[PDB]
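> Input structure: target_17.tsv, which contains TSV, C-alpha atoms and all ligand atoms.
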```tsv
chain	number	residue	atom	x	y	z
A	150	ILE	CA	-11.41	-19.49	0.35
A	151	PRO	CA	-13.79	-21.50	-1.88
A	152	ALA	CA	-12.23	-24.92	-2.55
A	153	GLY	CA	-12.62	-24.29	-6.28
A	154	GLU	CA	-10.29	-21.28	-6.16
A	155	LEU	CA	-7.52	-22.92	-4.12
A	156	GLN	CA	-5.90	-24.42	-7.21
A	157	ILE	CA	-5.23	-20.99	-8.72
A	158	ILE	CA	-4.03	-18.97	-5.73
A	159	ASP	CA	-0.38	-19.49	-6.65
A	160	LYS	CA	-1.17	-18.26	-10.15
A	161	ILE	CA	-2.94	-15.18	-8.81
A	162	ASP	CA	0.08	-14.29	-6.67
A	163	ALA	CA	2.47	-14.76	-9.61
A	164	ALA	CA	0.25	-12.77	-11.99
A	165	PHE	CA	-0.04	-10.02	-9.37
A	166	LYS	CA	3.73	-9.62	-9.15
A	167	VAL	CA	3.87	-9.46	-12.94
A	168	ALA	CA	1.21	-6.73	-13.05
A	169	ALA	CA	2.76	-4.76	-10.17
A	170	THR	CA	6.09	-4.90	-12.01
A	171	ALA	CA	4.43	-3.76	-15.23
A	172	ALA	CA	2.85	-0.71	-13.55
A	173	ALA	CA	6.01	0.10	-11.55
A	174	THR	CA	7.59	1.95	-14.48
A	175	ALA	CA	4.36	3.41	-15.85
A	176	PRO	CA	3.68	7.14	-15.41
A	177	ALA	CA	1.53	7.91	-12.35
A	178	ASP	CA	-1.59	8.57	-14.47
A	179	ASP	CA	-1.19	5.23	-16.27
A	180	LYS	CA	-0.57	2.93	-13.29
A	181	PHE	CA	-4.13	1.72	-12.66
A	182	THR	CA	-4.83	1.04	-16.34
A	183	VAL	CA	-1.48	-0.67	-16.92
A	184	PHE	CA	-1.83	-2.69	-13.72
A	185	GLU	CA	-5.27	-4.00	-14.67
A	186	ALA	CA	-4.34	-4.80	-18.27
A	187	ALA	CA	-1.19	-6.62	-17.13
A	188	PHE	CA	-3.04	-8.40	-14.32
A	189	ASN	CA	-5.78	-9.64	-16.64
A	190	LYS	CA	-3.31	-10.91	-19.25
A	191	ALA	CA	-1.14	-12.70	-16.67
A	192	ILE	CA	-4.20	-14.36	-15.15
A	193	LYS	CA	-5.55	-15.40	-18.56
A	194	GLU	CA	-2.16	-16.83	-19.50
A	195	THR	CA	-1.38	-18.52	-16.20
A	196	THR	CA	-4.81	-20.12	-15.78
A	197	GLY	CA	-4.82	-21.44	-19.33
A	198	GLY	CA	-7.81	-19.32	-20.28
A	199	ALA	CA	-9.92	-20.40	-17.30
A	200	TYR	CA	-10.38	-16.69	-16.53
A	201	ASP	CA	-10.06	-13.65	-18.81
A	202	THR	CA	-10.11	-11.12	-15.96
A	203	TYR	CA	-9.35	-10.85	-12.23
A	204	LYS	CA	-12.92	-9.58	-11.85
A	205	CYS	CA	-14.08	-13.13	-12.55
A	206	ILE	CA	-12.20	-14.86	-9.75
A	207	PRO	CA	-14.61	-14.37	-6.77
A	208	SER	CA	-12.13	-13.99	-3.90
A	209	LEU	CA	-9.80	-11.81	-5.96
A	210	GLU	CA	-12.55	-9.50	-7.20
A	211	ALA	CA	-13.51	-9.12	-3.53
A	212	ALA	CA	-9.95	-8.21	-2.56
A	213	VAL	CA	-9.60	-5.79	-5.46
A	214	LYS	CA	-12.85	-4.06	-4.45
A	215	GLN	CA	-11.63	-3.71	-0.86
A	216	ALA	CA	-8.25	-2.46	-2.04
A	217	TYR	CA	-10.02	0.22	-4.11
A	218	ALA	CA	-12.25	1.16	-1.18
A	219	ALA	CA	-9.03	1.84	0.75
A	220	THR	CA	-8.14	4.54	-1.78
A	221	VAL	CA	-11.27	6.68	-1.43
A	222	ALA	CA	-9.78	8.82	1.36
A	223	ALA	CA	-6.28	8.82	-0.16
A	224	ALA	CA	-5.05	11.80	-2.16
A	225	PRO	CA	-4.97	11.32	-5.97
A	226	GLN	CA	-1.16	11.18	-6.13
A	227	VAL	CA	-1.13	8.11	-3.89
A	228	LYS	CA	-4.36	6.27	-4.69
A	229	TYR	CA	-2.43	3.64	-6.64
A	230	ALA	CA	0.22	3.32	-3.92
A	231	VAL	CA	-2.54	2.80	-1.36
A	232	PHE	CA	-4.30	0.33	-3.65
A	233	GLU	CA	-1.17	-1.74	-4.28
A	234	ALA	CA	-0.24	-1.93	-0.60
A	235	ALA	CA	-3.76	-3.04	0.34
A	236	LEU	CA	-4.04	-5.59	-2.46
A	237	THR	CA	-0.55	-6.96	-1.80
A	238	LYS	CA	-1.49	-7.89	1.78
A	239	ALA	CA	-4.82	-9.39	0.70
A	240	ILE	CA	-3.26	-11.61	-1.94
A	241	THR	CA	-0.38	-12.63	0.33
A	242	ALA	CA	-2.99	-13.69	2.90
A	243	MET	CA	-4.69	-15.88	0.28
A	244	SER	CA	-1.33	-17.37	-0.68
A	245	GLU	CA	-0.54	-18.23	2.96
A	246	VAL	CA	-3.88	-20.02	3.33
A	247	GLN	CA	-3.36	-21.85	0.06
A	248	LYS	CA	0.10	-23.04	1.12
A	249	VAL	CA	-1.18	-24.54	4.37
A	250	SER	CA	-4.36	-25.90	2.76
A	251	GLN	CA	-2.48	-27.83	0.09
B	150	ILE	CA	5.92	23.80	13.06
B	151	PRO	CA	8.97	25.93	14.02
B	152	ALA	CA	8.39	29.50	12.81
B	153	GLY	CA	11.70	29.35	10.95
B	154	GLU	CA	10.48	26.51	8.72
B	155	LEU	CA	7.11	28.05	7.82
B	156	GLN	CA	8.60	30.06	4.96
B	157	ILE	CA	9.70	26.91	3.12
B	158	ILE	CA	6.69	24.60	3.55
B	159	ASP	CA	5.32	25.49	0.12
B	160	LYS	CA	8.72	24.68	-1.37
B	161	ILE	CA	8.85	21.33	0.43
B	162	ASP	CA	5.44	20.38	-0.95
B	163	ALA	CA	6.44	21.39	-4.49
B	164	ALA	CA	9.79	19.58	-4.28
B	165	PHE	CA	8.00	16.50	-2.93
B	166	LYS	CA	5.69	16.33	-5.94
B	167	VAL	CA	8.72	16.68	-8.20
B	168	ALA	CA	10.52	13.82	-6.45
B	169	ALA	CA	7.41	11.59	-6.36
B	170	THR	CA	7.00	12.21	-10.10
B	171	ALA	CA	10.66	11.39	-10.70
B	172	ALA	CA	10.40	8.04	-8.86
B	173	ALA	CA	7.01	7.19	-10.43
B	174	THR	CA	8.63	5.86	-13.61
B	175	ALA	CA	11.70	4.37	-11.93
B	176	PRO	CA	11.99	0.58	-11.62
B	177	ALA	CA	10.77	-0.73	-8.25
B	178	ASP	CA	14.33	-1.32	-6.97
B	179	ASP	CA	15.34	2.25	-7.87
B	180	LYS	CA	12.40	4.17	-6.40
B	181	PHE	CA	13.83	5.04	-2.98
B	182	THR	CA	17.20	6.15	-4.39
B	183	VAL	CA	15.63	8.14	-7.22
B	184	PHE	CA	13.08	9.70	-4.88
B	185	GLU	CA	15.74	10.88	-2.43
B	186	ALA	CA	18.09	12.21	-5.11
B	187	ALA	CA	15.23	14.08	-6.80
B	188	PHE	CA	13.87	15.34	-3.47
B	189	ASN	CA	17.26	16.69	-2.38
B	190	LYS	CA	17.88	18.46	-5.69
B	191	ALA	CA	14.41	20.03	-5.78
B	192	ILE	CA	14.80	21.27	-2.21
B	193	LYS	CA	18.29	22.65	-2.89
B	194	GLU	CA	17.02	24.42	-5.99
B	195	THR	CA	13.77	25.71	-4.56
B	196	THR	CA	15.28	27.00	-1.30
B	197	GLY	CA	18.09	28.77	-3.12
B	198	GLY	CA	20.72	26.60	-1.49
B	199	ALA	CA	19.42	27.13	2.06
B	200	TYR	CA	19.32	23.33	2.37
B	201	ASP	CA	21.20	20.65	0.43
B	202	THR	CA	19.07	17.76	1.74
B	203	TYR	CA	15.61	17.06	3.17
B	204	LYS	CA	17.43	15.50	6.14
B	205	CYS	CA	18.43	19.03	7.16
B	206	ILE	CA	14.94	20.50	7.43
B	207	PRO	CA	13.92	19.46	11.00
B	208	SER	CA	10.18	18.88	10.54
B	209	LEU	CA	10.69	17.15	7.19
B	210	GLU	CA	13.43	14.84	8.44
B	211	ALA	CA	11.01	13.92	11.24
B	212	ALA	CA	8.24	13.13	8.75
B	213	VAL	CA	10.58	11.15	6.52
B	214	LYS	CA	11.73	9.08	9.51
B	215	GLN	CA	8.12	8.35	10.49
B	216	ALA	CA	7.24	7.50	6.90
B	217	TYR	CA	10.12	5.00	6.83
B	218	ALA	CA	9.07	3.53	10.17
B	219	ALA	CA	5.70	2.82	8.54
B	220	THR	CA	7.44	0.55	6.03
B	221	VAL	CA	9.09	-1.83	8.50
B	222	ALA	CA	6.11	-4.21	8.58
B	223	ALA	CA	5.34	-3.77	4.86
B	224	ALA	CA	6.48	-6.37	2.34
B	225	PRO	CA	9.51	-5.39	0.20
B	226	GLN	CA	7.45	-4.97	-2.99
B	227	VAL	CA	5.40	-2.22	-1.35
B	228	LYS	CA	7.77	-0.52	1.08
B	229	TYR	CA	8.09	2.47	-1.24
B	230	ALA	CA	4.32	2.61	-1.84
B	231	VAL	CA	3.77	2.60	1.92
B	232	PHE	CA	6.48	5.22	2.40
B	233	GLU	CA	5.06	7.57	-0.23
B	234	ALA	CA	1.51	7.33	1.09
B	235	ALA	CA	2.68	8.06	4.64
B	236	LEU	CA	4.95	10.94	3.63
B	237	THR	CA	2.31	12.44	1.33
B	238	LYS	CA	-0.13	12.83	4.24
B	239	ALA	CA	2.55	14.22	6.55
B	240	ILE	CA	3.67	16.88	4.08
B	241	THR	CA	0.10	17.78	3.13
B	242	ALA	CA	-0.58	18.32	6.86
B	243	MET	CA	2.38	20.71	7.05
B	244	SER	CA	1.14	22.54	3.97
B	245	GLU	CA	-2.35	22.96	5.48
B	246	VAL	CA	-0.86	24.45	8.65
B	247	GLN	CA	1.38	26.73	6.63
B	248	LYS	CA	-1.54	28.01	4.55
B	249	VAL	CA	-3.57	28.98	7.63
B	250	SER	CA	-0.53	30.32	9.50
B	251	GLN	CA	0.45	32.70	6.71
A	301	MG	MG	9.11	-4.86	-9.99
A	302	MG	MG	3.62	12.10	-11.43
```
When written as structure tokens, how does the structure in this file appear?

Amino acid sequence: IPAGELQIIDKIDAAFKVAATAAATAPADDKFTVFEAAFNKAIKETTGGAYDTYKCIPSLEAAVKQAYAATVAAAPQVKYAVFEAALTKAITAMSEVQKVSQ
Amino acid sequence: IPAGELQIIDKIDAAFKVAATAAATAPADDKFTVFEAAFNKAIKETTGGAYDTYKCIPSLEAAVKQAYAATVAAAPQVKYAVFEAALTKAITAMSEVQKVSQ
């Protein structure tokens, strides 16, 4: 994890939970869109405007891409479920590293 | 797949989609309960009362147990997501066999 990103890992994890919660009650077809919108807003708010989107935090964008790649083979009905499970582990791994690094 | 269960595979798949849809909008903490309740009702209705619960259809109960076992190592936030992804593949496999068997 790039030293420059360490300071915001805790915020990423918090924002992620917020976004996951937001998409939890959204209809199946709206989960990805709601998740992203919620994730971006939580990140923007929690980082004080340092980032406007998760796509702009290097390590996170990398994890999101990998989480999406995990959905390619998954059936439509569960692509989001597969995505969330994958991303949850990735972010939790970042959080663990951040906690022992600082 | 036991010959006796073949006749209801299509109904299991349909009922599953109904239950997944039902739990899709339920709050995270209510997904498992809502899924099960919806699944049981859809099965009872679709099989004309032949079964009152998914736990009573041998092959399905087996798949549900395995799907749950897949959640043990998953974090709480995603246990249902992991469960649904696992069960979706299991049921789809049954459906594929049923379609070529009849
Ligand atoms: Mg929640
Ligand atoms: Mg649905």
> I need every residue sitting at most 12 Å from the point (8.6, 29.3, 5.7) (coordinates as in the file, all atoms listed in the file considered), written as a ChimeraX atom specification.
/B:150-162,196,199,206,208,243-244,246-248,250-251
> Those same residues, written as a PDB file, in the coordinates of the input with C-alpha atoms?

```pdb
ATOM      1  CA  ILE B 150       5.920  23.800  13.060  1.00  0.00           C
ATOM      2  CA  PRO B 151       8.970  25.930  14.020  1.00  0.00           C
ATOM      3  CA  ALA B 152       8.390  29.500  12.810  1.00  0.00           C
ATOM      4  CA  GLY B 153      11.700  29.350  10.950  1.00  0.00           C
ATOM      5  CA  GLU B 154      10.480  26.510   8.720  1.00  0.00           C
ATOM      6  CA  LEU B 155       7.110  28.050   7.820  1.00  0.00           C
ATOM      7  CA  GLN B 156       8.600  30.060   4.960  1.00  0.00           C
ATOM      8  CA  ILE B 157       9.700  26.910   3.120  1.00  0.00           C
ATOM      9  CA  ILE B 158       6.690  24.600   3.550  1.00  0.00           C
ATOM     10  CA  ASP B 159       5.320  25.490   0.120  1.00  0.00           C
ATOM     11  CA  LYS B 160       8.720  24.680  -1.370  1.00  0.00           C
ATOM     12  CA  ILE B 161       8.850  21.330   0.430  1.00  0.00           C
ATOM     13  CA  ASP B 162       5.440  20.380  -0.950  1.00  0.00           C
ATOM     14  CA  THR B 196      15.280  27.000  -1.300  1.00  0.00           C
ATOM     15  CA  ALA B 199      19.420  27.130   2.060  1.00  0.00           C
ATOM     16  CA  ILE B 206      14.940  20.500   7.430  1.00  0.00           C
ATOM     17  CA  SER B 208      10.180  18.880  10.540  1.00  0.00           C
ATOM     18  CA  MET B 243       2.380  20.710   7.050  1.00  0.00           C
ATOM     19  CA  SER B 244       1.140  22.540   3.970  1.00  0.00           C
ATOM     20  CA  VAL B 246      -0.860  24.450   8.650  1.00  0.00           C
ATOM     21  CA  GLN B 247       1.380  26.730   6.630  1.00  0.00           C
ATOM     22  CA  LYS B 248      -1.540  28.010   4.550  1.00  0.00           C
ATOM     23  CA  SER B 250      -0.530  30.320   9.500  1.00  0.00           C
ATOM     24  CA  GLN B 251       0.450  32.700   6.710  1.00  0.00           C
TER      25      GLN B 251
END
```
> So which residues touch range 209-213 of chain B within 9 Å, counting all atoms listed in the file, skipping near sequence neighbours fewer than 4 positions away, as a list in words?
residues 161, 203, 204, 205, 217, 218, 232, 235, 236, 239 and 240 of chain B
> Could the residues in this selection be written to a file with C-alpha atoms, as a short mmCIF file (atom, residue, chain, number, x, y, z; two decimals), in the frame of the given file?

```cif
data_model
loop_
_atom_site.label_atom_id
_atom_site.label_comp_id
_atom_site.auth_asym_id
_atom_site.auth_seq_id
_atom_site.Cartn_x
_atom_site.Cartn_y
_atom_site.Cartn_z
CA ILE B 161 8.85 21.33 0.43
CA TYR B 203 15.61 17.06 3.17
CA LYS B 204 17.43 15.50 6.14
CA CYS B 205 18.43 19.03 7.16
CA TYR B 217 10.12 5.00 6.83
CA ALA B 218 9.07 3.53 10.17
CA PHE B 232 6.48 5.22 2.40
CA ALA B 235 2.68 8.06 4.64
CA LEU B 236 4.95 10.94 3.63
CA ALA B 239 2.55 14.22 6.55
CA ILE B 240 3.67 16.88 4.08
#
```
> Go through B:180, B:197, B:186, B:164 and flag the residue nearest chain A, using all atoms listed in the file for the distances.
B:180
> Using only C-alpha atoms, find the residues of chain B whose closest atom to chain A is at most 10 Å away, then write them as a list in words.
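Going by the stated atoms only, the list reads residues 166, 169, 170, 171, 172, 173, 174, 175, 176, 177, 178, 180, 223, 224, 226, 227, 228, 229, 230, 231, 232, 233, 234, 235, 237, 238 and 241 of chain B.
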> Expressed in Å to a single decimal, how great is the separation between CA of residue 190 in chain A and CA of residue 214 in chain A?
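One can read the CA of residue 190 in chain A to CA of residue 214 in chain A distance as 18.9 Å.
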> Please, what distance in Å, to one decimal, runs between CA of residue 181 in chain B and CA of residue 225 in chain B?
11.7 Å
> Can you work out which one of A:179, A:201, A:245, A:185 has the shortest atom-to-atom distance to ligand MG 302 (chain A), counting all atoms listed in the file?
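Closest residue, counting all atoms listed in the file: A:179.
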> Please measure the separation of CA of residue 215 in chain A and CA of residue 188 in chain A, giving the value in Å to one decimal.
16.6 Å
> Smallest atom-to-atom distance to residue 191 in chain B: which of B:163, B:249, B:219, B:242, using only C-alpha atoms?
B:163
> Would you kindly place N, CA, C and O atoms on range 184-204 of chain B and return the model as an mmCIF file, keeping the file's coordinate frame?

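Output file result.cif follows:
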```cif
data_model
loop_
_atom_site.group_PDB
_atom_site.id
_atom_site.type_symbol
_atom_site.label_atom_id
_atom_site.label_comp_id
_atom_site.auth_asym_id
_atom_site.auth_seq_id
_atom_site.Cartn_x
_atom_site.Cartn_y
_atom_site.Cartn_z
ATOM 1 N N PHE B 184 13.903 8.756 -5.629
ATOM 2 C CA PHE B 184 13.080 9.700 -4.880
ATOM 3 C C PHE B 184 13.950 10.647 -4.049
ATOM 4 O O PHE B 184 13.789 11.864 -4.103
ATOM 5 N N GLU B 185 14.864 10.079 -3.273
ATOM 6 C CA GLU B 185 15.740 10.880 -2.430
ATOM 7 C C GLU B 185 16.609 11.859 -3.218
ATOM 8 O O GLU B 185 16.706 13.035 -2.871
ATOM 9 N N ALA B 186 17.243 11.366 -4.277
ATOM 10 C CA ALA B 186 18.090 12.210 -5.110
ATOM 11 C C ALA B 186 17.276 13.375 -5.673
ATOM 12 O O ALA B 186 17.696 14.530 -5.612
ATOM 13 N N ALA B 187 16.106 13.062 -6.218
ATOM 14 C CA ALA B 187 15.230 14.080 -6.800
ATOM 15 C C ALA B 187 14.740 15.054 -5.722
ATOM 16 O O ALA B 187 14.695 16.267 -5.938
ATOM 17 N N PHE B 188 14.373 14.516 -4.564
ATOM 18 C CA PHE B 188 13.870 15.340 -3.470
ATOM 19 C C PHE B 188 14.954 16.325 -3.015
ATOM 20 O O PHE B 188 14.703 17.521 -2.866
ATOM 21 N N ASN B 189 16.164 15.825 -2.815
ATOM 22 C CA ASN B 189 17.260 16.690 -2.380
ATOM 23 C C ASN B 189 17.560 17.804 -3.375
ATOM 24 O O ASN B 189 17.736 18.960 -2.989
ATOM 25 N N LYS B 190 17.602 17.463 -4.659
ATOM 26 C CA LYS B 190 17.880 18.460 -5.690
ATOM 27 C C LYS B 190 16.786 19.526 -5.765
ATOM 28 O O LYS B 190 17.077 20.718 -5.861
ATOM 29 N N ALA B 191 15.527 19.099 -5.707
ATOM 30 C CA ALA B 191 14.410 20.030 -5.780
ATOM 31 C C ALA B 191 14.407 20.983 -4.590
ATOM 32 O O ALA B 191 14.107 22.168 -4.728
ATOM 33 N N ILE B 192 14.747 20.456 -3.422
ATOM 34 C CA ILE B 192 14.800 21.270 -2.210
ATOM 35 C C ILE B 192 15.947 22.271 -2.316
ATOM 36 O O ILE B 192 15.766 23.462 -2.034
ATOM 37 N N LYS B 193 17.114 21.792 -2.743
ATOM 38 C CA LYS B 193 18.290 22.650 -2.890
ATOM 39 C C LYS B 193 17.987 23.782 -3.858
ATOM 40 O O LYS B 193 18.306 24.946 -3.604
ATOM 41 N N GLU B 194 17.348 23.435 -4.969
ATOM 42 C CA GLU B 194 17.020 24.420 -5.990
ATOM 43 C C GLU B 194 15.940 25.389 -5.547
ATOM 44 O O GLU B 194 16.081 26.601 -5.700
ATOM 45 N N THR B 195 14.864 24.860 -4.984
ATOM 46 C CA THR B 195 13.770 25.710 -4.560
ATOM 47 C C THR B 195 14.071 26.614 -3.363
ATOM 48 O O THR B 195 13.515 27.706 -3.261
ATOM 49 N N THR B 196 14.949 26.180 -2.463
ATOM 50 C CA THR B 196 15.280 27.000 -1.300
ATOM 51 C C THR B 196 16.494 27.894 -1.540
ATOM 52 O O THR B 196 17.017 28.506 -0.607
ATOM 53 N N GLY B 197 16.945 27.953 -2.789
ATOM 54 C CA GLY B 197 18.090 28.770 -3.120
ATOM 55 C C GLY B 197 19.374 28.374 -2.411
ATOM 56 O O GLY B 197 20.213 29.225 -2.100
ATOM 57 N N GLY B 198 19.526 27.079 -2.150
ATOM 58 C CA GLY B 198 20.720 26.600 -1.490
ATOM 59 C C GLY B 198 20.684 26.645 0.031
ATOM 60 O O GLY B 198 21.677 26.314 0.684
ATOM 61 N N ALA B 199 19.552 27.054 0.601
ATOM 62 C CA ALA B 199 19.420 27.130 2.060
ATOM 63 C C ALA B 199 19.596 25.745 2.670
ATOM 64 O O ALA B 199 20.079 25.615 3.795
ATOM 65 N N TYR B 200 19.182 24.718 1.927
ATOM 66 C CA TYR B 200 19.320 23.330 2.370
ATOM 67 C C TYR B 200 19.781 22.487 1.187
ATOM 68 O O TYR B 200 19.327 22.688 0.058
ATOM 69 N N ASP B 201 20.674 21.540 1.457
ATOM 70 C CA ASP B 201 21.200 20.650 0.430
ATOM 71 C C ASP B 201 20.518 19.281 0.487
ATOM 72 O O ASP B 201 20.692 18.460 -0.409
ATOM 73 N N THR B 202 19.746 19.046 1.545
ATOM 74 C CA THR B 202 19.070 17.760 1.740
ATOM 75 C C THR B 202 17.846 17.883 2.637
ATOM 76 O O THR B 202 17.820 18.707 3.554
ATOM 77 N N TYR B 203 16.838 17.053 2.376
ATOM 78 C CA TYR B 203 15.610 17.060 3.170
ATOM 79 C C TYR B 203 15.919 16.664 4.617
ATOM 80 O O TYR B 203 15.170 16.991 5.535
ATOM 81 N N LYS B 204 17.019 15.945 4.807
ATOM 82 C CA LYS B 204 17.430 15.500 6.140
ATOM 83 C C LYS B 204 17.819 16.675 7.029
ATOM 84 O O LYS B 204 17.940 16.518 8.244
#
```
